[PDB]
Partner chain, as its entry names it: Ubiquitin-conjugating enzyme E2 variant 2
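Heads up, the chain below is alone and in the form solved without the partner chain; it's given as structure tokens.
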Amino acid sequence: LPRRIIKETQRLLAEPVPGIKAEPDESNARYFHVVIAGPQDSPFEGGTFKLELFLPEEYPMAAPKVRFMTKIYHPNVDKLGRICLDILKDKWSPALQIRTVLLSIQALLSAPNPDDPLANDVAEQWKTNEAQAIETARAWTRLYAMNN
């Protein structure tokens, strides 16, 4: 396994991102099981959100692949779990790291970006019905991100 990946993994386990649990799969070190605590003060507070992160063979020349597994009511996460994040699409650089992605996704939960050309019937609801959308994200949190 590429030396850089080993080093990033060791550093993520040694010094983890607060509110973020991220560990490599026991059978494949390019596969990371991720868990992000819902940001304090955000409509996702109290919830635990699961994601899967994959390091393609070209990493770090190619961006990591990330899929949001836990059902969430957010403008930048579609039903297929795809995440709309610039550094995962057009702004990736070999200088960016897994930590960068993790921190960036965590921030996305605190600062939703409804400035999407669609993002389904969730983006517009967040802008032209913010109060309701937020309460819906809150309900989804208790319904799907509270374990059980």
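Residue numbers count along the first chain shown, from 1.
One more form of this protein exists, namely the form deposited with the partner chain bound; it is left out here, but the text below deals with it.
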(request) Using the partner position in the entry with it bound, report whether residue 45 sits within 4.5 Å of the partner chain, counting heavy atoms only. (result) no
(request) Although the partner chain is absent from this view, report whether residue 122 comes within 4.5 Å of it in the entry with it bound, heavy atoms only. (result) no
(message) Since only the chain is shown here, I'm wondering whether residue 69 would be in contact with the partner chain in the entry with it bound (any heavy atom pair within 4.5 Å).
(response) yes
(request) Determine the residues of 26-65 with a heavy atom within 4.5 Å of the partner chain in the entry with it bound and present them in sequence order; the list may be empty. (result) 28, 30, 31, 52, 53, 54, 57, 65
